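All remarks here apply to the structure that follows.
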Ligand SMILES: [Fe+3]
Ligand SMILES: [Fe+3]
Ligand SMILES: [Fe+3]
């Protein structure tokens, strides 16, 4: 599964790690993250993220 | 996947659209919506919804 | 699917029942519960739960 980066602040979503404190378990692909989740560091939505190719 | 209607207000849950602002992604069948979700328009629970046949 | 017990208070998570009022639908295995869920009775996190063998 691919990493995604927050293009506003640089946070990297790593699917192996998830974002458990916000209910995103390890192993969650970015597309499957609920669409109301926000960047943990900066608070922006998923639409400011981009895949890391 | 089937549409569901809120029998209190008439809102239609369309699985192709989801309810992303409340964390329900496009492609979520109604049964899989977390059971604490409420109608976005009127605030009632899932138990007031019915399948659109 | 296995039951899990809250080792702090004794609450039993039964996957057939879920915890619907907190968005955990019936049929959710414990591992798949979002990692920010807490014991409904006592408020502690998943890390204080143990499988019932
Ligand atoms: Fe960010
Ligand atoms: Fe409604
Ligand atoms: Fe407990």
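All Cβ positions, even for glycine, are placed from backbone atoms using ideal geometry, and neighbour counts span all protein chains on display. Derivation of every value follows stated rules applied to the coordinates shown; laboratory data play no part.
What to note about this one:
- Dividing the mean sequence gap of close Cα pairs (under 8 Å, 6+ apart) by how many residues chain A holds gives a relative contact order of 42 percent.
- Extension gain from residue B:47 to residue B:1, taking 0.36 nm per residue of separation minus the Cα-Cα distance: 14.7 nm
- The other copies place their residue B:16 label points at 3.9, 3.9 nm from this one, listed shortest first, where each point is 7 Å from Cα along Cα→Cβ.
- Over the protein assembly as shown, the fraction of Cα-Cα pairs per 10 Å bin, rounded to whole percents and listed from the shortest bin up, is 10, 33, 32, 22, 3.
- C-alpha center-to-center spacing [chain C, the range B:24-53] in angstrom: 23
- Once Rg and the Kirkwood radius are both taken over the C-alpha atoms of chain B, their ratio Rg/Rh works out to 0.90.
- At 7 Å out from Cα toward Cβ: residue C:41 inter-copy label distances (nm, ascending): 4.1, 4.1
- With label points defined 7 Å past Cα in the direction of Cβ, position residue B:1 shows copy-to-copy spacings of 1.8, 1.8 nm, given to one decimal and shortest first.
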